[PDB]
């Protein structure tokens, strides 16, 4: 059939942007998918279901451990065990450090690190029992280098890469792998608001002078979830048009 046929994937933060694109590519590769995050919502789900797999949606606030638990238990009831966990936070706040609001710092750290930790903690026992798993953490180039005015985001994304390494090491002798994807600039509403002058925005950071697409990030997730990635453990797949190469 298809490379991920039968596999059950959960994508946190899959309502729009990168998370939705990852969900689409996973379903396109054959995975059943749970979208976390209402007529428009039904339209979005139908679009994911166009790839012929079982699609579900859930509305867990990823900052509340009880609701993350409910997301996992919902998936187990509906589709069976969570085999592919994609930790995708999807929030940003741009500010110099001196005026960076404390609550925005806390929110970015909470949703990138602590939420990924709680979801992973809840999913690992089943994956160990079943002898297989994929934890795919959606980091950023900002998890490998710094950028001005993105202190909380760079700290959170660096942290998520560190977490990734530890989870991979603790599972290295199993059928479970944990890795991170590090996208450069992807065309999203936030990036559109910051910005013709697309070229100046890209030229500063992204030598390809073009955007990464949500499809390309999804393709990286599919690769990490494939059998050819069985021995890819604790690493980054950077999809960034050359950002980190310079």
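Positions refer to the first chain, counted from 1.
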Select one of none, 1 to 3, 4 to 9, or 10 or more to describe the deposited residues without coordinates separating residue 37 and residue 38.
1 to 3
Deposited residues absent from the coordinates between residue 195 and residue 196, none, 1 to 3, 4 to 9, or 10 or more?
10 or more
Tell me which stretch has the larger mean Cα B-factor in this entry, 11 to 19 or 226 to 234.
11 to 19
With reference to the PDB entry, specify whether the mean Cα temperature factor is higher for 186 to 194 or for 215 to 223.
186 to 194
Out of 170, 83, 106, 78, residue topping the C-alpha B-factor column of the entry:
78
In terms of recorded Cα temperature factor, pick the maximum from 26, 178, 181, 49.
49
Test of reading the entry: by CA B factor among the chain's modelled residues, which third contains residue 146?
lowest
Of the three thirds of its chain by CA temperature factor, lowest, middle or highest, which one includes residue 73?
highest
Compare the C-alpha B factor of residue 244 with those of the other modelled residues in its chain, then answer lowest, middle or highest third.
lowest
The third of the chain into which the C-alpha temperature factor of residue 131 falls is the middle
When the modelled residues of the chain are sorted by Cα temperature factor, does residue 162 land in the lowest, middle or highest third?
lowest
